[PDB]
Amino acid sequence: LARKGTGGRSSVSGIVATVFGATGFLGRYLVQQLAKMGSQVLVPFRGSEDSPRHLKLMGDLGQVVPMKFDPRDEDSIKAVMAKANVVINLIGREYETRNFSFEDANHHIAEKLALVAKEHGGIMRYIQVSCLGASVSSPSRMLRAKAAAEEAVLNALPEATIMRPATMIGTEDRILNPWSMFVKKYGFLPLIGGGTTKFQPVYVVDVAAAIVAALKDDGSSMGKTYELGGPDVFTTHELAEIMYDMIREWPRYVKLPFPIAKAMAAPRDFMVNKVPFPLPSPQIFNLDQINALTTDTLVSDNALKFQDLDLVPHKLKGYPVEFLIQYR
Amino acid sequence: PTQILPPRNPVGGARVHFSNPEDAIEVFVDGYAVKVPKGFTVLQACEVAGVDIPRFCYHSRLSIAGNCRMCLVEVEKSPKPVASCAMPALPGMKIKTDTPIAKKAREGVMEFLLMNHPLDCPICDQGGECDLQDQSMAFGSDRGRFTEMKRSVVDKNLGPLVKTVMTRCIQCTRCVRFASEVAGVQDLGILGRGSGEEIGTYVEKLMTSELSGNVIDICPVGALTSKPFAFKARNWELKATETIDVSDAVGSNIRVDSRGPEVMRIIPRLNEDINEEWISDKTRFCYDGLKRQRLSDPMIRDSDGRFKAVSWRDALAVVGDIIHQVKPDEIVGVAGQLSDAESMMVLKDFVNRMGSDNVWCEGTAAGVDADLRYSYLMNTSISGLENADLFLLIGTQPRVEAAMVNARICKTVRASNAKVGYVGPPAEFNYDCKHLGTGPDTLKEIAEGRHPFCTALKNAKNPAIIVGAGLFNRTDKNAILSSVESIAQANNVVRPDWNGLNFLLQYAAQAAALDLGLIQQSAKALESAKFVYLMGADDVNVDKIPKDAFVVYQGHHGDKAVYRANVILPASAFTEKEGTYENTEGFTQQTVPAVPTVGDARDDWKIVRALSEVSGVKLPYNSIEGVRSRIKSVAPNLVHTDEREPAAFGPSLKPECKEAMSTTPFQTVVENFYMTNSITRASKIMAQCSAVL
Amino acid sequence: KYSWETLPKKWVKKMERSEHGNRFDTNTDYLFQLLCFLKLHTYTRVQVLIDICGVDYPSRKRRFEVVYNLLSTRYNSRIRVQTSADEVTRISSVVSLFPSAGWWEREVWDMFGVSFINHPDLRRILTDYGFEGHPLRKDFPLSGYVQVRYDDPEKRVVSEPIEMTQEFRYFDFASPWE
Amino acid sequence: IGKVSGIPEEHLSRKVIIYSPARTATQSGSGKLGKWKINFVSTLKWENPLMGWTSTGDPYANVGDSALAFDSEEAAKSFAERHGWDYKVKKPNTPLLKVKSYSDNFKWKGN
Amino acid sequence: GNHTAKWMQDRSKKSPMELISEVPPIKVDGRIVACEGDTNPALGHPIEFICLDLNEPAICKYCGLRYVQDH
Amino acid sequence: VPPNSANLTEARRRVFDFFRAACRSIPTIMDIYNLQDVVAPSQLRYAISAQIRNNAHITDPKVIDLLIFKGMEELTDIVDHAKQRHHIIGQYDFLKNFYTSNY
Amino acid sequence: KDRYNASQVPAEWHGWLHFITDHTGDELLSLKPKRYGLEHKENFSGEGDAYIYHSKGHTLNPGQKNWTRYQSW
Amino acid sequence: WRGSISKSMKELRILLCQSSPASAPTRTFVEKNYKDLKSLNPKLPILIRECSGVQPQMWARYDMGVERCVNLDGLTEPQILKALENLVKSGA
Ligand SMILES: NC(=O)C1=CN([C@@H]2O[C@H](COP(=O)(O)OP(=O)(O)OC[C@H]3O[C@@H](n4cnc5c(N)ncnc54)[C@H](OP(=O)(O)O)[C@@H]3O)[C@@H](O)[C@H]2O)C=CC1
Ligand code: SF4
Ligand code: SF4
Ligand code: FES
Ligand SMILES: [Zn+2]
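And the structure:
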């Protein structure tokens, strides 16, 4: 955009972004890309002010302005998107919480940010982030919601990019860090469904590099739902094989039939019932993540891949997984 | 005992000009002999000895004065400290610049100057760059005994350029001499006597003269300061680049004093061969342009009529497509008056390989003769005009266009009593002008020796005949130039050692253009032409271009060409780039980039070469040094920078002549001089200088 | 001064001063030999290498000037033996005579780049570990070349990218007339 | 001596200008002349959008003017050629001490 | 004003330009005034001697105070 | 180490000495910083050789001495855990510029 | 008695209370300037925006000024 | 002396040099030939350009911007004129 600089960390890029999901595992890499290529980031946080503290750095003195906002209350989303031209949406959950349901956290928000950005005429690029294979009739209610979110962000706001990152790996992720700390149940890894799932993980740095690459691009990458798949189409068991290469442990997997898992994840699905107590965020056994685990639709079809962003993803061996060394 | 004395070279590397190596007077500056030509004041006999004598009113360009006694060196056998500025060095004179009597005299005077002087140093615009502050902090006493009521003076209104605080002014008379002599307008005066002395116009009279903004550099005190540079910066913040100027084709030297990304103040700098230490008020206060109305994003035209600030890929793509889908002979490449040599070379090499030959500078009218380089140069150097005996300014109004050429003409009318003849429109001249005639008829009257001034032009030893390129626009340009060269051959003007024939130009690019052969062959270009490619040309008549022409204005400001432009390409200014310029006398300066380009602007040559590669034509070079090698190919004059390359071919090669038009007398080529180009038109200072007329 | 009479004339090669502290601007070859003199000598007993001040004159041909200060706790006097070694001239090291010269010469090499001959453990002492460039030179910009360091997705790591900061404002205070 | 100097590669292909700063036209004093300075063009200076102040990105922003001033074109050229810069020396324009005297103000215009 | 609209975004406290343009000009006797500052010559600006030959008030550049001849 | 480089011959000899030192030290480099899986010994030898060859046109002996000293400094600070590892893995036309900036 | 912190002590007393002077705030209140005198502000550092201070480009300050010295076209 | 230059070439650039020992044959050629050449081609840009030391060349721009470079390093006046004749012939 109106870029006046050389690199970043003091440059300008005319991108005063509001990364709605910045205080999150994908958010810290995307905010660092947007604010290391020298552009403002209006990180909106939901609760504790300690959430975006790790984002006050990685941006030079107001290039990252953490702001407070209530997800269900507008006139605050409009205040966060007051001075903005890019609005990325990383607000998503893999687990239903007693207060915010799957739609009220994946679909009824993305549609709401879409509408309140449409109203705030001036949002040049609105990126919408949803999981890969999030198409309607997918088992996991998280993916059906995330599909409705795409359909409502494109309808209510055309020329709005839609990344489709598959399960993203990296430090502080929700895919590998639960498996480790469950290998700390004495090497016991419960790969569910027998590892027949075929899903294409991707180094979160490269998902961020794609989310920024659709901003730095021209008028293209508007309304075109990418699929940030990644290389080396894996299987859950095979991906676990690479963890045990980093964390020094001996592969001691077990297979779990899907009924056994869905029964093991039958608790923590009474979230709307147990009102006077919030449940502890089901990490590995998530009935909805399991419904997604069943069908191996998490593979990039002939839709737009990283190749349509002049970008090639990193592998999943070596550094893009070296966050596991802290578990040795 | 085998000592190592310092070299003792002149004060500023000052070239000492012996009129002959025989009359070298030898004087002792602090017991160190120095050989100075006959007539050197003691101050110059010390500036030859490296001794810097503190001077308040002694300017080398200006006359000599005793309005203050800050120098007072003690010569050997005089009863009183002699003012060094006026005492001519006599052979054997012993000058003691640091003897206790000299230092006490300097401290005495610097106490008197700081006695009635107000404590305005914090609020003084020239607080850091002050002769009074730097002479008090170096030669004047550390304390002042005057504790009484200083005198104070009201602030005279001297126009929208020179802010005046006469209380600070020390009445050294330097400006009242500069306006009387160099500027030659005679408006300033030392009204009154005693401490009540007040410098300025007795009646409220804006300094209507151009070239009168240099009084601030002349002024050794804050008193006279740039009102545009009201207080915006300080003498220490300003990072200085030794750039050149492009407003007028004199190509005056300059220091673009910039603070960060913007040009705070444009100040002259010594270059004895173009502008001694003076720059026109068109150059001092055009810096305000470079920050107003700048084009910062490449805007193409949508399906409505308003612009759309697309990126560079899209704008270059649309321009390339529209040149691919047009007939070749319909491409024209009008190049702006501020365009450097490189970008004009790139424009030529682009619109050439596109199958056209319709590139030309903005000012050069149809059928210019750019073959022989004397035909558009000031063959006699701008310094050479100091040796001229008689001038014949054929039109050319040199006070208006090429103001430093007129400054040299006025200096060499005052110093050596030269007499000028003027065949042009009725104008106002600093000096005695002796207007001859209004039209070309009186030019024939001189060509045929039937004029009372032809007998003057004959008898003069070294004559000069300035013919402004403003009369190339007339249809009978060959006839006028033939009569000019007839006057030359008749009065022995252009002779092997003088070459008094010289044409001045009014556009900075015009010399470099006519050097690269950027000639408008004829009309029927810019008409029946469908890819007009204005390269920063605002003064091109956009009423000539056909309505269906896809004008692509690669300017940096845009006044009227931008409104017509079907696609804009924002370029850099003259300070933001590094462009090789050629002034009228053939001197080839080279600007040095001061401030960063605004927004998403690019270099002129970069834009044209990128448009070339987008539009398919593979152009050999890809850098600034490459295109300078291409210039060396097409015109090596514009590669040997900072060196004038005289044209070794007189007018005896121009083929033949025609008849000069009786009607249509010489027309004023520059109407304003305060709005001559785009930088100057979009400025907030030049506009409002319209009151200065 | 007594020290100049006894000293071999060749050792005080280039220069010699006589105020603001006296100095023997010597040659780099005769330096540690000159430092051997003035120490372990009965009438000139310095024994104390106070300081080794690298000084960079860009306009010289021998850029640097390794100014060895020397105190004489016995005779209560201070002599400043100097040298001159450009960027690629290994100069003799006097860590063998005054063992305090170890760190001072590490600092002279770090800041400037005047490598020291047979100096054991000649390793960058002051600047950063991966520091490339020699700071206290003149041509080394104040803000450094690549010396910003910020945290990033390469967690627990501070990168070393190219530098960008509010531009250091150099003020041209220096006035004419000196 | 460019490679051993630790300067990064991208700043040894820099194009400098070895000028001699002309006299400040405002003050008629030659006490700052004859100090040749390399001029790393260093034109890229944006405005840090939080506060009004500027913000360079080139490391050689100030050292061209500040603290790096030689005393002769030969030493400055030797410096900019050791380090491998592409120096274009811009000669300093010096003044002619033309003979002038006081008694020329009171010249007689004959009649 | 417009200059004062560059540094002050409050726009409720009176702009210093108005605070000084609303103070009346000070009558005096002679043709030159002192305006050493507020009152204490050491807590004000360097003494600025102003000329009152004109009819209109001549402002003190440092303090904005205005003086008239009062003949 | 005294600059015995009174000629390019001794300097080249000690260049080969430093090259042999770095090559025979690559084992510990790969061990301490864990590159035995990302990089091959052929590739690290390739990089060291491309370094020593990138600066091979040095007709000055003392400049070669100083280059070898900087290289030994780099190595000794890579052998020991003085510098980190995420740089060691990194240590191992006109139009496309014009579109980005003006420089 | 709750929510107190330093810097709530106005300038009239912040002298007497740090022993810099011996003039109680009831004595310096005849010296506080009436024309430009401003009440204290407790140093609202962190207590929500529009109480905290903001520069003129922070994007939280109402009226975020643009510093581009060049006036675009 | 050729006449058909304005209809074949687009411009002719002769990079003689001011006062070199060499490039003097080029100056003689121009001095003796340019008057007649331009009187015969009243509109062609026959560009004469000076220098300090540039080898005396003779360039020529044809239709589509191509350029023949003929170096007159030692060619005499008739040799230079024959070179120009070859230039004119190689464009038509
Ligand atoms: N993690 C993965 O492996 C995959 C994730 N994705 C998608 O990437 C995006 C970001 O991922 P990641 O950062 O790991 O996700 P997280 O679950 O860690 O949440 C990221 C952000 O979402 C915000 N958020 C979530 N739900 C709500 C809500 N109801 N109201 C307000 N804010 C909310 C969080 O706020 P707070 O921190 O305060 O809770 C945080 O800022 C999501 O759309 C996610 O589904 C794509 C592929 C798979
Ligand atoms: S001219 Fe200005 S800065 Fe210099 S001494 Fe006088 S008041 Fe002070
Ligand atoms: S106004 Fe300036 S130049 Fe004129 S007499 Fe006063 S101090 Fe000298
Ligand atoms: S300047 Fe020479 S004495 Fe006044
Ligand atoms: Zn006052």
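Sequence order for the protein chains is T, C, F, O, P, X, U and Q. Count the first sequence with the authors' numbering and you get residues 55 to 382, in order. Count the second sequence with the authors' numbering and you get residues 50 to 742, in order. Count the third sequence with the authors' numbering and you get residues 8 to 185, in order. Count the fourth sequence with the authors' numbering and you get residues 39 to 149, in order. Count the fifth sequence with the authors' numbering and you get residues 38 to 108, in order. Count the sixth sequence with the authors' numbering and you get residues 12 to 103, 122 to 132, in order. Count the seventh sequence with the authors' numbering and you get residues 81 to 153, in order. Count the eighth sequence with the authors' numbering and you get residues 3 to 94, in order. Where is the CB? At the ideal position from N, CA and C, for every residue including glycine.
Under the criterion of a Cβ to heavy atom distance below 7 Å, does X:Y128 qualify as lining ligand 4?
Checking every heavy atom of ligand 4 against the Cβ of X:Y128, none is found closer than 7 Å.
Terminal residues of the continuous beta strand (DSSP E) containing C:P595?
Where C:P595 is concerned, there is no enclosing beta strand (DSSP E), given that its DSSP letter is neither H nor E.
Along the chain, where does the alpha helix (DSSP H) that runs through T:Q343 open and close?
341-348
With C-beta atoms as the reference, is residue 210 of chain F less than 8 Å away from F:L14?
Outside the displayed span of chain F (8 to 185) sits residue 210 of chain F, for which this structure offers no information.
Which residues in chain X have a C-beta closer than 7 Å to the C-beta of F:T35? List them in chain order.
The premise fails here: F:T35 is roughly 11 Å from chain X at the closest Cβ pair, so nothing lies under 7 Å.
Please list, in chain order, all residues of the same chain as T:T290 whose beta carbon is under 6 Å from its beta carbon, the five residues on each side excluded.
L245, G249, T251
Beta carbon of C:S388, beta carbon of C:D322: below 8 Å?
Annotated as distal: C:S388 and C:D322, with beta-carbon spacing of 8 Å or more.
Where DSSP assigns a beta bridge to T:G61, which residues make up the other side?
None, per the DSSP bridge assignment.
Just to make sure I have the definition right: I need the residues of chain C whose C-beta is within less than 9 Å of the C-beta of U:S135. Which are they?
The premise fails here: U:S135 is roughly 18 Å from chain C at the closest Cβ pair, so nothing lies under 9 Å.
Following a CB-centred definition, is P:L102 positioned closer than 7 Å to any heavy atom of ligand 5?
yes
For X:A51, the nearest candidate out of X:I37, X:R64, X:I43, X:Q62 (CA to CA):
X:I37
Residues of the stretch 83-97 of chain O in Cβ contact with chain C at a cutoff of 7 Å, in chain order, please.
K83, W84, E85, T92
Would you list, in sequence order, the uninterrupted beta strand (DSSP E) runs of no fewer than 3 residues that lie entirely inside the stretch 50-88 of chain O?
The qualifying runs are 54-57, 75-78, 83-85.
Ligand 4 and C:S133: does the residue's C-beta get closer than 7 Å to at least one heavy atom of that ligand?
yes
Just to check my reading of the structure: C:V122 and C:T146 have Cβ atoms closer than 8 Å, yes? What is that Cβ distance to the nearest angstrom?
5 Å
Interface residues of chain T around X:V90 at Cβ under 9 Å?
What X:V90 touches in chain T: nothing, since even the nearest Cβ is about 21 Å away.
CA nearest to the CA of C:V375, picked from C:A138, C:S577, C:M584, C:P130
When C:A138, C:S577, C:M584, C:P130 are compared, the shortest CA-CA separation from C:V375 is found for C:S577.
Is there at least one non-hydrogen atom of ligand 2 closer than 7 Å to the beta-carbon of C:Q175?
yes
Would you mind sorting residue 118 of chain Q into buried or exposed? The rule is 16 or more other CB atoms within 10 Å of its CB.
Nothing can be reported for residue 118 of chain Q: it is not among the residues displayed for chain Q, which extend from 3 to 94.
Following a CB-centred definition, is C:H166 positioned closer than 7 Å to any heavy atom of ligand 2?
yes
The alpha helix (DSSP H) enclosing T:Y298, as first and last residue numbers
290-300
Does ligand 5 have even one heavy atom less than 7 Å from the beta-carbon of P:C97?
yes
Is the beta carbon of C:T257 sitting closer than 8 Å to the one on C:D294?
no
Would you mind sorting U:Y131 into buried or exposed? The rule is 16 or more other CB atoms within 10 Å of its CB.
exposed
Could you tell me which of C:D183, C:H166, C:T250 sits nearest to O:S68, measuring between CA atoms?
If we check each option's Cα against that of O:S68, C:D183 comes out closest.
Note the first and the last residue of the continuous beta strand (DSSP E) segment covering F:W111.
It is not in any beta strand (DSSP E) - F:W111 instead sits in the alpha helix (DSSP H) that spans 108-118.
Determine, using beta carbons only, whether C:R677 and C:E391 come nearer to each other than 8 Å.
yes
Counting only the same chain and skipping the five closest in sequence on each side, list residues whose C-beta sits under 6 Å from that of C:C706.
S531
Just to confirm the assignment, what range does the alpha helix (DSSP H) spanning C:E259 have?
Where C:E259 is concerned, there is no enclosing alpha helix (DSSP H), given that its DSSP letter is neither H nor E.
Less than 8 Å between the C-beta atoms of C:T445 and C:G470, yes or no?
no
Going by Cα to Cα distance, which pick from T:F253, T:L282, T:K316 is closest to T:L358?
T:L282
How do the stretch 64-82 of chain T and the stretch 134-145 of chain T stand: do at least 3 beta-carbon pairs fall below 8 Å, yes or no?
Contact holds: three or more Cβ-Cβ distances are below 8 Å.
Count the CB pairs spanning the stretch 438-454 of chain C and the stretch 408-420 of chain C that are closer than 8 Å, and state whether there are at least three.
no
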